Amino acid sequence: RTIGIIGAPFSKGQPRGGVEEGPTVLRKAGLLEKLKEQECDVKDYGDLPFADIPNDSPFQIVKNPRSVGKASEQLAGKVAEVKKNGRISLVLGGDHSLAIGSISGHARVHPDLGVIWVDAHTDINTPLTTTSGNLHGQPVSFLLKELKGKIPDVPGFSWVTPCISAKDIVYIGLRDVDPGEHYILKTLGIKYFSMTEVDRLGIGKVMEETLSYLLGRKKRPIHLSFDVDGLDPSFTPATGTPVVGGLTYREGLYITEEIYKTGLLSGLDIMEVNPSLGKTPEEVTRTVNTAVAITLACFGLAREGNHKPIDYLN
Amino acid sequence: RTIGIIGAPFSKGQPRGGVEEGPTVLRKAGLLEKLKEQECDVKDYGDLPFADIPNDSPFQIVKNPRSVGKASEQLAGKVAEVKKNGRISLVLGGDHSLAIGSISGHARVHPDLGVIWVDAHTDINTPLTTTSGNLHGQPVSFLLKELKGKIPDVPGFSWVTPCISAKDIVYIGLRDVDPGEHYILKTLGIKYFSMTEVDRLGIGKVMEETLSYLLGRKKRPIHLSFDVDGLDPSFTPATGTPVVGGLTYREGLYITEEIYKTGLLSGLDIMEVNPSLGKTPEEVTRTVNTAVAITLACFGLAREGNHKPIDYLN
Amino acid sequence: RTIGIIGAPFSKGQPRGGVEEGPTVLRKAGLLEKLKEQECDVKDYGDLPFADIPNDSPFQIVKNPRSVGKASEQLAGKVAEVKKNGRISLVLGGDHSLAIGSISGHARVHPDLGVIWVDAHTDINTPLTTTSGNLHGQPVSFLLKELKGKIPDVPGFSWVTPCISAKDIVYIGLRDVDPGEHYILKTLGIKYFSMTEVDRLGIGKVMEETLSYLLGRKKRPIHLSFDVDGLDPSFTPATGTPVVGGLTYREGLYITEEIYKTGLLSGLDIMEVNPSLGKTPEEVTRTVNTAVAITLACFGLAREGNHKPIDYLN
Ligand SMILES: [Co+2]
Ligand SMILES: [Co+2]
Ligand SMILES: [Co+2]
Ligand SMILES: [Co+2]
Ligand SMILES: [Co+2]
Ligand SMILES: [Co+2]
């Protein structure tokens with residue numbers, strides 16, 4: 001599978017520093033090397049150089065809107081670039097606010113994509129519903145066409161154009177959703193599988209129904225936005241907003257292996273990895289190793305084993 | 001959902017002190033506040049004042065029969081009182097022996113109730129089969145009509161009248177059952193889902209079959225007697241008789257969410273929480289937080305999110 | 001169930017010392033006593049006395065071939081002996097290389113047996129595909145008829161005769177398979193349920209399909225070769241090659257309970273238990289206790305409870 005790696009060291013979408021290091025710790029663990037060994041042609045586009053934003057003043061309750069907005073704006077352009085070069089875009093970043101740029105950029109080249117959002121949260125608060133002002137909890141609001149009129153013009157996002165419909169997205173792993181978010185979620189009739197649905201149906205059925213919903217009418221590019229907090233903190237503790245009772249390591253690997261086999265993975269986000277947020281060094285390694293294993297599975301790594309098309313015994 | 005909280009600080013049904021504190025640690029964690037914030041009208045009936053029982057002498061192998069018996073007798077009256085006030089009875093207690101009083105009291109106002117017993121044990125030993133004499137392991141024996149003649153008249157339980165049939169109870173989570181208990185269990189044809197059944201069927205099917213069995217012929221009030229040791233000690237370690245390989249946090253929350261949605265929850269017991277039995281302070285907090293999360297789910301708290309009936313965006 | 005215990009204190013199939021102690025730590029934990037208390041007639045054949053092998057020189061990359069080979073050769077004879085005495089053979093050992101002797105010996109008396117291999121690995125490397133030379137990772141290669149011509153004559157295994165077909169074996173729990181192994185696995189059309197299959201289908205369906213495949217046409221003796229690393233290291237950490245994301249304790253007990261109920265268990269291997277490989281004493285106890293619980297379940301121990309055919313209340 002042909003890949004284009006983009007590093008997004010940015011953390012202004014949220015209050016806990018350390019997420020900007022996600023790209024480095026992930027590369028440090030050998031992500032590019034590991035992909036190569038696998039069935040992959042990898043190209044590194046480097047880490048996006050996010051410059052200073054002068055009057056980066058809070059817009060009402062919304063914090064660092066200009067920084068976050070500009071950051072996503074640049075990412076969007078970079079992703080659009082890799083999608084034009086015929087490669088799957090692989091974004092390694094800080095907070096999830098960056099999904100605004102990743103998906104928007106991706107939608108420019110492939111406007112018919114479907115989104116799979118693995119997270120413990122919906123990240124669908126609007127600048128009007130958010131109680132914290134942190135943009136990593138509002139990305140989805142800026143991308144949905146349905147909310148095109150329910151969202152203020154926030155400084156830094158003038159370039160944004162809702163690129164996806166509420167029917168072109170599926171959530172998996174929800175377990176900490178705000179009342180404001182739940183209202184929108186239900187109201188817009190968005191497809192979701194909270195941990196409740198995962199418990200009831202099992203991850204196999206969950207994946208079956210997720211893919212049926214998105215690709216039923218016709219095949220289309222798939223964008224996987226993966227927030228490492230979607231998994232239980234026992235596997236990914238080094239992250240900003242961990243919530244107990246999440247996806248197990250196995251379910252995380254099952255989700256990606258499934259997506260891989262569709263042959264339609266077109267964009268991937270590996271977000272919220274914060275190397276500074278571990279209670280111990282081990283917690284950091286565990287989290288990084290899990291993030292890597294998840295990425296590798298998106299690109300072919302199977303638990304049953306792997307091999308190319310030829311004779312091994314000679 | 002309208003609630004009536006009753007505190008049952010009693011631990012004489014078993015040998016490990018500290019369970020009497022269950023009510024306090026649970027209230028301390030903010031259980032009443034949390035319920036209020038939720039969709040609930042809560043009323044506190046306080047903690048039952050269990051007085052001294054003079055000749056509280058062991059009846060054969062049976063320990064503290066008079067204390068345990070009197071304790072349940074008082075609880076029964078209190079529960080009956082809250083059920084008459086049109087409220088769901090919420091018992092926070094010490095050992096599970098108290099289920100004798102909770103269910104008996106509940107059955108007085110709603111004789112057609114069905115019981116769901118989440119426990120790693122059957123607690124169905126009789127004063128004749130028990131090898132320990134501890135009453136927290138025999139509650140079910142005193143409540144079943146089928147055993148009305150297979151149980152001696154124990155000092156302190158003269159007031160007891162078997163109120164439920166073997167066909168009106170379902171166990172979930174069994175994994176440590178005595179030979180004497182298994183004989184009764186099988187013999188009486190009682191419906192059960194041991195961890196074996198949970199593994200085979202999955203918690204979704206388990207809940208489906210549990211509810212179908214109990215409410216198939218007709219709807220009826222549901223009593224959930226929850227022994228925190230039903231869950232794996234990795235989630236509820238601060239408890240007297242922990243057994244490995246139990247319900248996960250997710251399965252525990254799935255069980256309650258399901259029961260909540262039936263709209264028939266009429267009585268609830270949250271037992272065996274022992275703040276003194278943790279290997280570390282954290283183990284105590286973990287256990288208490290889990291007990292609370294379980295209770296909250298019984299009364300509406302959903303993992304997919306919550307909100308009331310109105311317009312949020314204004 | 002009638003049992004014949006054979007101790008196999010050998011570790012030359014792999015590089016990490018300590019596995020030879022498996023038999024002792026398992027007996028120390030009270031395995032024989034526990035089986036007796038259960039529904040079992042146990043007979044101890046003692047620990048096979050593995051003598052020194054002079055020129056135990058490496059055959060190419062293959063290490064300790066003569067030792068490993070002779071060890072399995074002796075085991076085979078002992079197992080054949082217990083199968084002739086009408087008993088289920090219970091092998092407690094060191095590394096998995098011993099499966100060569102256990103299965104070969106078993107096949108001599110019951111040539112129609114079917115094998116269930118619970119492991120995180122396929123242990124199917126050939127002396128030609130192995131990159132380490134360790135025989136505990138190649139047992140399956142020496143037992144398969146299909147590979148009768150794809151395997152060199154290794155010093156110490158002249159006595160070996162491929163006794164099982166690729167269609168008479170089922171793997172459960174795979175998650176770390178070498179490219180060379182995957183090629184063979186797929187090529188020979190061997191039935192397997194990697195953790196991927198376990199995640200998708202659930203352990204209940206997995207067991208159903210495993211047993212249907214092996215006993216569909218006709219009933220036949222079942223041999224369970226259990227590598228403790230098949231389970232997740234969180235339950236069996238004291239083992240040589242642990243891999244994350246494995247079978248849970250519950251799934252491990254579900255697998256054995258199922259096999260037990262077929263009434264066809266005819267041979268059992270409990271391998272790779274290494275008392276010296278724990279990070280803490282507790283990790284060693286945990287691993288040993290889990291190995292025991294698994295064995296007990298193979299012989300009748302049920303989570304729902306147990307009892308014999310008579311009247312308990314008198
Ligand atoms: Co999140
Ligand atoms: Co997120
Ligand atoms: Co219990
Ligand atoms: Co109990
Ligand atoms: Co192994
Ligand atoms: Co093995």
# chains A, B, ... in the order shown; residues from 1 in each chain; ligands from 1
call {"tool": "residues_around", "arguments": {"residues": "range 111-116 of chain C", "least_positions_apart": "3", "cutoff": "8 Å", "atoms": "only C-alpha atoms", "output": "NGL selection string"}}
result
:C and (106-108 or 163-164 or 168-172 or 214 or 220-225)
call {"tool": "residues_near_ligand", "arguments": {"ligand": "ligand 6", "cutoff": "8 Å", "atoms": "only C-alpha atoms and all ligand atoms", "output": "VMD selection string"}}
result
chain C and resid 95 to 97 118 to 123 136 to 137 226 to 230 271 to 272
call {"tool": "select_by_dssp", "arguments": {"residues": "range 186-261 of chain B", "states": "helix (DSSP H, G or I)", "output": "PyMOL selection string"}}
result
chain B and resi 186-187+195-201+203-215+228-230+249-261
call {"tool": "interface_residues", "arguments": {"of": "chain B", "to": "chain A", "cutoff": "9 Å", "atoms": "only C-alpha atoms", "output": "list in words"}}
result
residues 202, 203, 204, 205, 248, 249, 250, 251, 253, 254, 257, 302, 303, 304, 305, 306, 307, 308, 311, 312 and 313 of chain B
call {"tool": "residues_around", "arguments": {"residues": "residue 139 in chain C", "least_positions_apart": "2", "cutoff": "12 Å", "atoms": "only C-alpha atoms", "output": "number ranges by chain"}}
result
C: 13-14, 65, 68-69, 72, 95-104, 117, 121-127, 130, 133-137, 141-144, 147, 151, 157, 160, 162, 225
call {"tool": "atom_distance", "arguments": {"atom1": "CA of residue 209 in chain B", "atom2": "CA of residue 255 in chain B"}}
result
12.0 Å
call {"tool": "atom_distance", "arguments": {"atom1": "CA of residue 17 in chain A", "atom2": "CA of residue 292 in chain A"}}
result
21.1 Å
call {"tool": "residues_around", "arguments": {"residues": "residue 26 in chain B", "least_positions_apart": "4", "cutoff": "9 Å", "atoms": "only C-alpha atoms", "output": "list in words"}}
result
residues 21, 22, 30, 31, 32, 92, 273, 288, 289, 291 and 292 of chain B
call {"tool": "closest_residue", "arguments": {"among": "B:40, B:51, B:231, B:265", "to": "residue 243 in chain B", "atoms": "only C-alpha atoms"}}
result
B:231
call {"tool": "select_by_dssp", "arguments": {"residues": "range 128-242 of chain A", "states": "strand (DSSP E)", "output": "PDB file with N, CA and C atoms, in the first residue's frame"}}
result
ATOM      1  N   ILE A 169     -20.594   9.529   8.073  1.00  0.00           N
ATOM      2  CA  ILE A 169     -19.696   9.356   9.209  1.00  0.00           C
ATOM      3  C   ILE A 169     -20.217   8.323  10.200  1.00  0.00           C
ATOM      4  N   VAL A 170     -19.301   7.544  10.765  1.00  0.00           N
ATOM      5  CA  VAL A 170     -19.657   6.537  11.754  1.00  0.00           C
ATOM      6  C   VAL A 170     -18.688   6.608  12.926  1.00  0.00           C
ATOM      7  N   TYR A 171     -19.245   6.664  14.134  1.00  0.00           N
ATOM      8  CA  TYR A 171     -18.470   6.713  15.371  1.00  0.00           C
ATOM      9  C   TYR A 171     -18.361   5.304  15.937  1.00  0.00           C
ATOM     10  N   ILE A 172     -17.244   5.004  16.593  1.00  0.00           N
ATOM     11  CA  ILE A 172     -17.047   3.703  17.229  1.00  0.00           C
ATOM     12  C   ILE A 172     -16.283   3.886  18.539  1.00  0.00           C
ATOM     13  N   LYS A 191     -24.843   7.822  12.497  1.00  0.00           N
ATOM     14  CA  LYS A 191     -24.580   6.419  12.799  1.00  0.00           C
ATOM     15  C   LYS A 191     -23.478   6.303  13.848  1.00  0.00           C
ATOM     16  N   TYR A 192     -23.748   5.581  14.933  1.00  0.00           N
ATOM     17  CA  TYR A 192     -22.752   5.429  15.989  1.00  0.00           C
ATOM     18  C   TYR A 192     -22.848   4.091  16.691  1.00  0.00           C
ATOM     19  N   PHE A 193     -21.723   3.656  17.242  1.00  0.00           N
ATOM     20  CA  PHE A 193     -21.653   2.421  18.001  1.00  0.00           C
ATOM     21  C   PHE A 193     -20.913   2.777  19.285  1.00  0.00           C
ATOM     22  N   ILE A 222     -12.167   5.680   2.135  1.00  0.00           N
ATOM     23  CA  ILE A 222     -12.434   5.701   3.564  1.00  0.00           C
ATOM     24  C   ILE A 222     -11.367   6.468   4.341  1.00  0.00           C
ATOM     25  N   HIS A 223     -11.824   7.335   5.236  1.00  0.00           N
ATOM     26  CA  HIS A 223     -10.929   8.116   6.074  1.00  0.00           C
ATOM     27  C   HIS A 223     -11.102   7.630   7.513  1.00  0.00           C
ATOM     28  N   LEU A 224     -10.016   7.160   8.115  1.00  0.00           N
ATOM     29  CA  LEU A 224     -10.074   6.704   9.495  1.00  0.00           C
ATOM     30  C   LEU A 224      -9.411   7.731  10.403  1.00  0.00           C
ATOM     31  N   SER A 225     -10.218   8.385  11.230  1.00  0.00           N
ATOM     32  CA  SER A 225      -9.704   9.357  12.179  1.00  0.00           C
ATOM     33  C   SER A 225      -9.674   8.605  13.514  1.00  0.00           C
ATOM     34  N   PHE A 226      -8.466   8.287  13.968  1.00  0.00           N
ATOM     35  CA  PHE A 226      -8.280   7.507  15.181  1.00  0.00           C
ATOM     36  C   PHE A 226      -7.722   8.286  16.375  1.00  0.00           C
ATOM     37  N   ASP A 227      -8.550   8.488  17.395  1.00  0.00           N
ATOM     38  CA  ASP A 227      -8.125   9.183  18.612  1.00  0.00           C
ATOM     39  C   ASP A 227      -7.704   8.051  19.545  1.00  0.00           C
TER      40      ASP A 227
END
call {"tool": "decode", "arguments": {"residues": "range 6-83 of chain A", "atoms": "C-alpha atoms", "output": "mmCIF file, in the first residue's frame"}}
result
data_model
loop_
_atom_site.group_PDB
_atom_site.id
_atom_site.type_symbol
_atom_site.label_atom_id
_atom_site.label_comp_id
_atom_site.auth_asym_id
_atom_site.auth_seq_id
_atom_site.Cartn_x
_atom_site.Cartn_y
_atom_site.Cartn_z
ATOM 1 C CA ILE A 6 2.688 13.975 7.358
ATOM 2 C CA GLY A 7 3.755 15.040 10.846
ATOM 3 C CA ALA A 8 1.474 17.455 12.684
ATOM 4 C CA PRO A 9 3.189 18.587 15.921
ATOM 5 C CA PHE A 10 0.409 20.809 17.260
ATOM 6 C CA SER A 11 -1.380 20.881 20.613
ATOM 7 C CA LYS A 12 -3.268 24.188 20.813
ATOM 8 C CA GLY A 13 -6.593 22.466 20.282
ATOM 9 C CA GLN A 14 -6.318 21.368 23.899
ATOM 10 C CA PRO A 15 -4.737 22.471 27.251
ATOM 11 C CA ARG A 16 -2.249 19.645 27.970
ATOM 12 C CA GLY A 17 1.210 20.117 26.488
ATOM 13 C CA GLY A 18 3.152 17.175 25.136
ATOM 14 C CA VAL A 19 0.909 16.142 22.232
ATOM 15 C CA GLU A 20 3.061 18.068 19.743
ATOM 16 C CA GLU A 21 5.617 15.325 20.328
ATOM 17 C CA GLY A 22 3.361 12.608 18.939
ATOM 18 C CA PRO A 23 5.047 12.694 15.483
ATOM 19 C CA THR A 24 8.534 12.401 16.962
ATOM 20 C CA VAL A 25 7.851 9.591 19.443
ATOM 21 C CA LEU A 26 6.003 7.680 16.725
ATOM 22 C CA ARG A 27 8.849 8.090 14.238
ATOM 23 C CA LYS A 28 11.289 7.303 17.056
ATOM 24 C CA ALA A 29 9.572 3.946 17.625
ATOM 25 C CA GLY A 30 10.396 3.149 14.000
ATOM 26 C CA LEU A 31 7.052 3.664 12.252
ATOM 27 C CA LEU A 32 8.519 4.376 8.815
ATOM 28 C CA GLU A 33 10.935 1.460 9.006
ATOM 29 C CA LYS A 34 8.210 -0.920 10.168
ATOM 30 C CA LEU A 35 5.896 0.129 7.332
ATOM 31 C CA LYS A 36 8.636 -0.470 4.756
ATOM 32 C CA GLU A 37 9.337 -3.988 6.042
ATOM 33 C CA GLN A 38 5.621 -4.480 5.577
ATOM 34 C CA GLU A 39 3.991 -4.319 2.144
ATOM 35 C CA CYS A 40 4.470 -0.543 1.819
ATOM 36 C CA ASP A 41 5.995 2.203 -0.304
ATOM 37 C CA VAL A 42 6.430 5.034 2.183
ATOM 38 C CA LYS A 43 7.258 8.676 1.543
ATOM 39 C CA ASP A 44 7.842 11.187 4.343
ATOM 40 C CA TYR A 45 6.528 14.715 3.767
ATOM 41 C CA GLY A 46 8.130 15.728 7.049
ATOM 42 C CA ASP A 47 6.580 17.591 9.962
ATOM 43 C CA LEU A 48 4.439 20.585 9.052
ATOM 44 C CA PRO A 49 6.185 23.728 10.336
ATOM 45 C CA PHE A 50 3.408 25.528 12.233
ATOM 46 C CA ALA A 51 4.378 29.221 12.581
ATOM 47 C CA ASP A 52 3.425 31.759 15.259
ATOM 48 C CA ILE A 53 -0.013 33.358 15.083
ATOM 49 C CA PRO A 54 0.207 36.964 16.369
ATOM 50 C CA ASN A 55 -3.157 38.072 17.799
ATOM 51 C CA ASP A 56 -3.949 34.456 18.707
ATOM 52 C CA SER A 57 -6.603 35.794 21.067
ATOM 53 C CA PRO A 58 -9.503 33.687 22.405
ATOM 54 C CA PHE A 59 -12.697 34.050 20.399
ATOM 55 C CA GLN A 60 -15.260 34.152 23.203
ATOM 56 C CA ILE A 61 -14.799 30.823 24.980
ATOM 57 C CA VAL A 62 -12.911 29.387 21.995
ATOM 58 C CA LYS A 63 -9.174 29.199 22.627
ATOM 59 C CA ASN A 64 -6.329 29.574 20.113
ATOM 60 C CA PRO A 65 -8.779 29.710 17.186
ATOM 61 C CA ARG A 66 -6.296 31.368 14.832
ATOM 62 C CA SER A 67 -3.493 28.925 15.643
ATOM 63 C CA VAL A 68 -5.700 25.862 15.491
ATOM 64 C CA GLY A 69 -7.415 27.158 12.374
ATOM 65 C CA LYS A 70 -4.219 28.006 10.554
ATOM 66 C CA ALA A 71 -2.711 24.694 11.604
ATOM 67 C CA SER A 72 -5.594 22.748 10.055
ATOM 68 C CA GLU A 73 -5.557 25.013 7.024
ATOM 69 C CA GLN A 74 -1.919 24.083 6.332
ATOM 70 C CA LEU A 75 -2.477 20.418 7.024
ATOM 71 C CA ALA A 76 -5.409 20.420 4.623
ATOM 72 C CA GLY A 77 -3.173 21.696 1.846
ATOM 73 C CA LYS A 78 -0.518 19.094 2.590
ATOM 74 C CA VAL A 79 -2.993 16.215 2.646
ATOM 75 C CA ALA A 80 -4.568 17.429 -0.588
ATOM 76 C CA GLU A 81 -1.066 17.315 -1.996
ATOM 77 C CA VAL A 82 -0.398 13.711 -0.973
ATOM 78 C CA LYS A 83 -3.815 12.574 -2.237
#
